[PDB]
Amino acid sequence: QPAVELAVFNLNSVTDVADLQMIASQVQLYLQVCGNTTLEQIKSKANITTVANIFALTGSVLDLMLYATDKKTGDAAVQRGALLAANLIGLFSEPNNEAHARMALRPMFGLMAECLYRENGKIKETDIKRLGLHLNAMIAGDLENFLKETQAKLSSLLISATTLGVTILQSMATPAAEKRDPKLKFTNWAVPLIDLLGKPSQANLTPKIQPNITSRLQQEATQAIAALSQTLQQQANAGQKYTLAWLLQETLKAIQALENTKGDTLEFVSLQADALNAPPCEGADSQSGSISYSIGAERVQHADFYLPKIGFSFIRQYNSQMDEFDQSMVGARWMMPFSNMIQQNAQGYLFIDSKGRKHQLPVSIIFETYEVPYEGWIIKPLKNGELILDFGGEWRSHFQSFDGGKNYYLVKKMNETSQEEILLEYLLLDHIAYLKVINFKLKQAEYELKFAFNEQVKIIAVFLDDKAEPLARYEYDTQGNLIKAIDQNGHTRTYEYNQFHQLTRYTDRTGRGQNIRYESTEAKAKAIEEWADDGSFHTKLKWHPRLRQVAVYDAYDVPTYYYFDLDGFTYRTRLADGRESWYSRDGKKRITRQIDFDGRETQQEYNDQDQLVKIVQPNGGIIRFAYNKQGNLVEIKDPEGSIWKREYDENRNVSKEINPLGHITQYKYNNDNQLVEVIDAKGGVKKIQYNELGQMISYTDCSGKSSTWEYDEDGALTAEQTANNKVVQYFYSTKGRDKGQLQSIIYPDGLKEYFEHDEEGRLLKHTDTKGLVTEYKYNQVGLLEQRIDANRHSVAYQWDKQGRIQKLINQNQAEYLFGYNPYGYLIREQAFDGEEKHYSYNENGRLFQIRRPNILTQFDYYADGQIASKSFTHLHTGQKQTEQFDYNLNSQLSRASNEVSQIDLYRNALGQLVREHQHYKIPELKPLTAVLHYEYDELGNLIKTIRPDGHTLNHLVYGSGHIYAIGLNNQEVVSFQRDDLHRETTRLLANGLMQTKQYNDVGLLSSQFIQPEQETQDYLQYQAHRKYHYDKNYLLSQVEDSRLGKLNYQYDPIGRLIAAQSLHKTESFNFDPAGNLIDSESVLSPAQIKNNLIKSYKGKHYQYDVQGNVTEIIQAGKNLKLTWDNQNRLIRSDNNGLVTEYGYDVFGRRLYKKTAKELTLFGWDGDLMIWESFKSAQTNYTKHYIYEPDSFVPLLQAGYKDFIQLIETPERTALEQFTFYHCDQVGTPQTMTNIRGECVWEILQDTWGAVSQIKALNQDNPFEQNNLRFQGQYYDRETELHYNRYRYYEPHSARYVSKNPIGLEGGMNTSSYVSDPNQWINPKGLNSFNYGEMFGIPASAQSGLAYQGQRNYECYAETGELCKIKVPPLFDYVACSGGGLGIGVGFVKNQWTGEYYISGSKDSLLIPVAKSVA
């Protein structure tokens, strides 16, 4: 640790002089101990002229005292001398014309010392930015020039500092104020210290540094003055480490290395006063995962019961430092709701708010109104001796004193507007008031909370009205400590204490204990240690002896240093690696600037009306806010300059919202101020109804379809009804460990799902509709340790002492290892196959490099954290591929390029993608640009898209954006009819075929029929049907297909498809526990594929590179060699000597597939490949693919016999043929029909995609050929692989030939395609989705397992705090949830993922997920 430690803060954030008071008190104590003289005695002979820099004066005086008395040697001496020189520099007057320059320099030196003194400490970019801001705040010069001139002027500065130090020392070496103004001079150096000491700082001023006892005084001062010239003269030596010259040299070196509102003034002190109170902030920067960092109090808040009808939660709050509540009737140092009160002390009146924070008040409050700072709540008296507290809102709290105005208790509360009120009835015994009954006379309901007491007058039971079963029960020890609390559900929480009311251990309702240890047994003792019973999260806290800093050591002794202000606000956090996060606050403690650990800077500006008017984003984007005379946010201007307008009703509710394109949304609210009606920009009207509790009970969409929710009197969701009158019923446990929690769900088909939870809500057992059980086990600390599926196979999790995932054991017992560096960041991942990924981080802590066995991925970032570029270097061959990205001021990807492509994205004022240029840079082909145009309706629905060759696709929408017709070149190709759920029940195709779809009770496709709208005997039109039968787990058990006959499927307990019977083919699939197909037919084959990379399957043999990519597939008579680029993308395939080359754009979208002379171009619209153009000597054609709305399911293909006509990088060709797709329940094309409705193409494919037989009327007609397969899959005849956006799928082995780019986020088995291809798709090759149940009622449960919300009354107490974190604008309000009602600001239609990686140094996702790889 450095010998000298400093608290550097922005000067604007300090309003009190408490630190100055402590420094003055320390100086006075030093004088009394050494010279035995008070400051008054030395005042007379202390006439010295210095600048009016109070911080510099106090720092210099204290440093001189320490130098004279607390002599030091070694590096500590150098550091202390450097700090003394810095303080003296900004104190001497001499050249007054340079006073401001010196005053600005001194905090500069303080900051340089703070960054550089610590071991392995270096000047970072954030430090240089802070120095520049501080310099520009006052003089508005240049950092480099100022530092250079200071370096040149350093010698004279040191001489002046030595003279000043000599003069100061020649005051106490012989036997006998609040303004930081560079233009003012201090006549006497001692006088300002005395003036400071006089003020009533309201802060403890006990000196924290004990003088040397030995009263050297004159002798020590003489030795000081003797050595001061020697120590300061050597300060100019740049060779010596930890000296001002060295600090300047290092800062200049860092500036050189890194160069390839009215600023922010900084100040520093070496001695600080103790934090007066904890901050209102409860974030991770102010308290432990709880011990408050500012004051060290151990605080636990436990809720014993909830009154939903009034939204009241009985919150018991413990505070280990609350000796004022030692006699609390709910346990020593415990606070219950409404227990807040005002007590008389020597200083005056002490008020303890509901949260437990203490605010001192003057004795004059009982005679006049008083307002507290930084909080905004006022206290005023009344002529009757009661004090009214306005905490913010319509609630007024009345306080009465029952003993000579000593203790004021809360007797009643007033809601002046709503007339709601609460009375407190107190039983007065021996002039001691004991709360007896709480009267909740509220419009919601009338509740009578009565308390039963024991012989000690301690609440042992809380009763509601006349109910016999108490809402809570409490037990106490002989010392009055609350040792057991039973909640309304019968669950128990135990508490353990030492002999001094200090909570040493407490258990949650499952018995899992949290332990606390304290520095001492005194009430004001800080908690210094906490750990879970098993030892996890063992946190040690060490408070700095001199500064308002605490070092918080995690379970591995990795320190995080927090600095807090006099009011407890954490203004600076320093990590172990040296990265620092700063908060700048103004005089009102409003966060004006935040510089995060990764260097992102956010600024916030406020006007004279205390309104947030400007936000400057890290990327430099400026958000501006404007307000009307009523203080309502009317105008929002985003970084792109687009303007959002709002208008308000009388209740300060947003009634009208105008977006930058002029589209208007209107809102109506009930007297409750709850959204009751929204009129969209197209005139559609949505209706919302609420029950008396304020819970939404009915929602009618703009199409008139109404869904309803039923709640019981208590307010628990008992049933919800869909627009098609299907009811899901919810039932809750009435007994046991999960009493009051969701126990079972009854679905409209009558099938039931059962849940079992522990007392804390953890899911322990899930029983699905088929009765199959999934069990979850949790370790001692409560983290998930084992998930046992219905197959009895288990996935085990092992966590390190900080809760980070350490080892993941899949069903095959293969281990996924996660390694973290001494700073706790993820630096190593070992996959199930043994592949090791090593992560490195740059000076900003962002993922710098991913080192895989073959490829070194390197990330470059913009200052705002967006990925500027990625490079992929082969560690052996050395070949490098790079990608570049650009973003607009809204952080939206505006350009992305790689070797073979550049994509430019253009957006309108709403952020909707309107134009997209796709520049193809294919080798051997002339560059060409494909341009997409998009148009949207007033609701943001895409209605028109112009494809690169001029062909336009039109979407006709009704209501909120439901598609009822699709037009191709203003010619309808399909029209849709939808049911009350807006699901397609009928479609009419332009080829005269109509398809009707029916759904069963749970919303699964039950049948689909296709037939001619008007039958004609001239030709055989396509008529077919599929009838779907499901099992109790909603797995497709049978299909009645008119063409294929009966298709029978069997599944394993976890829903994996293991058999398929049909007339064409019978298939049996054997999976290992991890989900790999195993060659069960061959005995020699392994029973499990431990590495999830099968080496052989049914006559096929695979070889992999070191990154898991299949490099060669060998079978009888075929040898397929696959060449992979540095991004694990197939760039060359060699099938029996036939070479095919591929290329991809930045987003992994395949742009071309070149085989000898034949070239196949592909074009994409978002995630859909919308056209393919074939080029060759003989044949040229272009095919367009039209898909069902918002889906990967193809609708039709149309094309012309010519290569696509695209713009050449710096007249529409009529479509000749139309072919209509007919897909099955999972969106897989099964047949295709021509414009006359005749079947021209049929496919029989194996269960996992392999083609078994294709029947085509016209074999050589390209427009009647189909390569589309499972959603998002494109069959490649060259390799027999299915291209799947990001990966190539291998139908034979039902797996991808490369590892999932997103790792475990896409599933435990990073090579498996889908468990059940009858209903799951995986269209992009990243994540498997259940397509069959996407439109199912079971997939719309308002309460899945714990999705319950009840916060009807947060009112009671509240303070209002924007002083804790920076405000993220995002959508601003969002408004109402549920069916979806409310928008504003933000929003990006047609979102674009830069590279889909973004991140990946993440873990601990509970449900299967490890990385942050998007």
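The residues of the chain are indexed from 1 along the displayed sequence.
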Taking atom CD1 of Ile1010 and atom OG1 of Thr1231, what is their separation to the nearest 0.5 Å? 7.0 Å
Interatomic distance, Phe1203 atom CZ to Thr1182 atom OG1 [nearest 0.5 angstrom]: 7.0 Å
Using the rule given for side-chain contact (heavy atoms from CB on, under 4.5 Å), can you reason through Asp1246 versus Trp1248, listing the C-alpha separation, both sets of side-chain angles and the distance that settles it, and then say yes or no? CA-CA 6 Å; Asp1246 297 329; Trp1248 293 103; 5.8 Å; no
Donor-acceptor under 3.5 Å ([X] side chain, [Y] main chain):
X	Y	answer
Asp1276	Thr1279	no
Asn954	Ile966	no
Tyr936	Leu913	yes
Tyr906	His933	no
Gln1197	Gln1265	yes
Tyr1028	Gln1008	no
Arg1236	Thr1233	no
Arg987	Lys997	no
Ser1062	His1064	yes
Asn1258	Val1240	no

Less than 4.5 Å apart, any side-chain heavy atom of [X] and any of [Y]?
X	Y	value
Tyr1221	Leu1268	yes
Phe976	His962	no
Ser1037	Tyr1030	no
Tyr999	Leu981	no
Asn1330	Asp1316	no
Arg1043	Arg1026	no
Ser960	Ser703	no
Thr929	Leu1206	no

Quick one: do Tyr1185 and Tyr1274 satisfy ring pair (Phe, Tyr, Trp, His ring centres under 6.0 Å)? Show the steps, please. CA-CA 12 Å; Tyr1185 295 98; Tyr1274 188 99; 7.1 Å; no
Listed by chain and number, what are the side-chain hydrogen bond (donor to acceptor under 3.5 Å, both in side chains) partners of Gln998, not counting sequence neighbours? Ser1007
Residues which pass side-chain hydrogen bond (donor to acceptor under 3.5 Å, both in side chains) with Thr1247, listed by chain and number, not counting sequence neighbours: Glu1067
I'd like to know if [X] pairs up with [Y] as an ion pair, taking the criterion as any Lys NZ or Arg NE/NH1/NH2 lying under 4.0 Å from an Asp or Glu carboxylate oxygen.
X	Y	value
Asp1165	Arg947	no
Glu984	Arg978	no
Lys944	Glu935	yes
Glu916	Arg1149	yes
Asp979	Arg983	yes

Show the nearest heavy-atom pair for residues [X] and [Y], with the distance to one decimal.
X	Y	result
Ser1328	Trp1320	OG-CE3, 3.0 Å
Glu1216	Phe1263	OE1-CE1, 4.5 Å
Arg1269	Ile1254	NH2-CD1, 3.9 Å
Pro1012	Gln1023	CD-CB, 4.4 Å
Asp1001	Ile1337	O-CD1, 3.0 Å
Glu938	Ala681	CB-CB, 3.7 Å

Could you walk me through whether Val1226 and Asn1318 pass the side-chain contact (heavy atoms from CB on, under 4.5 Å) test, one step at a time? CA-CA 6 Å; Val1226 80; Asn1318 288 330; over 6 Å; no
With a 3.5 Å cut-off and no angle check, do the side chains of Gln1061 and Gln1050 form a donor-acceptor pair? yes
For a quick check under 3.5 Å, do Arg1212 and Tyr1200 share a side-chain donor-acceptor pair by atom type? no
Does the pair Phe1162 and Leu1151 meet the rule for a side-chain contact (heavy atoms from CB on, under 4.5 Å), with working shown? CA-CA 5 Å; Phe1162 296 99; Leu1151 293 190; 5.9 Å; no
Is the [X] ring parallel, tilted or perpendicular to the [Y] ring (thresholds 30°, 60°)?
X	Y	answer
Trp1171	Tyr920	parallel
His1222	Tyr1022	parallel
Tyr1283	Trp1164	perpendicular
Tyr1331	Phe1335	perpendicular

Quick check: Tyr1313 with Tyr1296 (ring centres under 6.0 Å apart)? yes
Using the side-chain contact (heavy atoms from CB on, under 4.5 Å) rule, take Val1297 and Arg1287 through it: C-alpha gap first, then chi angles, then the decisive distance, then the call. CA-CA 7 Å; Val1297 296; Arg1287 292 191 278 169; over 6 Å; no
